[PDB]
Amino acid sequence: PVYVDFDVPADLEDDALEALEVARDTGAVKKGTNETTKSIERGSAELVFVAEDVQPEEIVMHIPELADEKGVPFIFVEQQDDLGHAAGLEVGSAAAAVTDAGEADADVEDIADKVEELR
RNA sequence: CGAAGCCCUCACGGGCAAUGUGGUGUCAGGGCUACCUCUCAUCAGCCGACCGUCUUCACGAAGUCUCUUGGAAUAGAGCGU
Ligand SMILES: [Mg+2]
Ligand SMILES: [Sr+2]
């Protein structure tokens with residue numbers, strides 16, 4: 001909520017999580033806020049995901065400002081458990097990162113372009 | 001590094017854990033990269049006392065002889081261990 005500056009539509013979120021499911025079975029993904037943060041700093045992150053139901057908000061707070069100065073695109077997911085299942089975990093995830101997509105590079109590029117049109 | 005982990009249960013199965021279980025590491029700084037050599041340090045775990053001290057216990061030598069006094073010798077004198 002405090003780190004959220006734009007609302008992402010349910011349709012765009014469906015596209016995003018589907019692209020993440022095929023990113024783990026082909027390319028490579030980073031699961032968890034610590035690994036997502038290191039990906040943005042190292043530059044290896046292509047697209048970063050962030051949950052909106054994170055309590056406390058401090059865990060994720062830095063991602064929207066850190067990604068802006070590193071050129072890495074970010075998208076908001078409504079639920080924590082949906083992002084965790086999409087990353088391939090039994091538990092939830094506050095943040096996920098796509099470190100070089102696989103056979104979804106065209107979809108990821110479009111998601112990154114649809115988010116910029118939504119500010 | 002990133003699920004490689006932990007708890008419950010005979011098992012099955014369940015719970016925990018990416019908001020990080022677990023590995024690494026902790027100022028002789030450490031990590032990472034490139035190498036030299038090596039370990040007996042440390043940490044985890046198995047085994048597991050001696051001696052001493054405190055207390056309790058077993059065993060454990062040699063007269064119940066003479067006389068006098070006395071209610072009674074454990075006294076005096078004498079002999080003996
Ligand atoms: Mg350790
Ligand atoms: Sr959770």
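May I ask which residue of A:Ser93, A:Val77, A:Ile111 lies farthest towards the positive end of the charge dipole of region A:9-119, with charges of +1 (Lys, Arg) and -1 (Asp, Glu) on Cβ and the Cα centre as origin?
A:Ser93
Pairs of Cα atoms under 8 Å, at least six residues apart: use those to get the relative contact order of region A:45-115, whole percent.
Once divided by the residue count of region A:45-115, the mean separation gives 41 percent.
Let me have the 222 nm mean residue ellipticity of chain A computed from DSSP H runs of 4+ only, each contributing -39500 (n - 2.57), with the sum over all residues rounded to the nearest 500.
Helix-only estimate at 222 nm: -11500 deg cm²/dmol.
Under the definition of Cα pairs under 8 Å and six or more residues apart, what whole-number percent is the relative contact order of chain A?
Worked out over chain A, it gives 39 percent.
Can you list the DSSP H helices in chain A whose Cα atoms extend at least 20 Å along the helix axis and whose mean Kyte-Doolittle hydropathy is -0.5 or higher?
A:10-24
From the C-alpha coordinates alone, can you work out the Kirkwood hydrodynamic radius of chain A, in Å?
Computed over Cα pairs of chain A, the Kirkwood hydrodynamic radius comes out at 13.8 Å.
Can you compute the radius of gyration and Dmax for region A:26-96, using only the Cα atoms, both in Å?
Both quantities, over Cα of region A:26-96: 11.2, 33 Å.
Any idea how far the Cα center of region A:1-23 sits from the one of region A:42-119, in Å?
Using only Cα atoms to place each centre, the spacing works out to 8 Å.
Taking the Cβ of A:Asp5 as the centre, find all other residues whose Cβ is under 11 Å away and add up their charges (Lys, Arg: +1; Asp, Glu: -1).
Net of charged neighbours comes to -2.
With only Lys, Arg, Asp and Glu charged, each at its Cβ (+1 for the first two, -1 for the last two), find how big the charge dipole of chain A is about the Cα centre; round to the nearest 20 debye.
620
Taking every DSSP beta bridge with both residues inside chain A, roughly what % is antiparallel (nearest 5)?
65
With ideal geometry, Cβ positions are generated from the backbone for all residues, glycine too; neighbour counts draw on all protein chains shown. Every read-out reported here was derived from the displayed coordinates using simple, explicitly stated rules and does not represent laboratory data.
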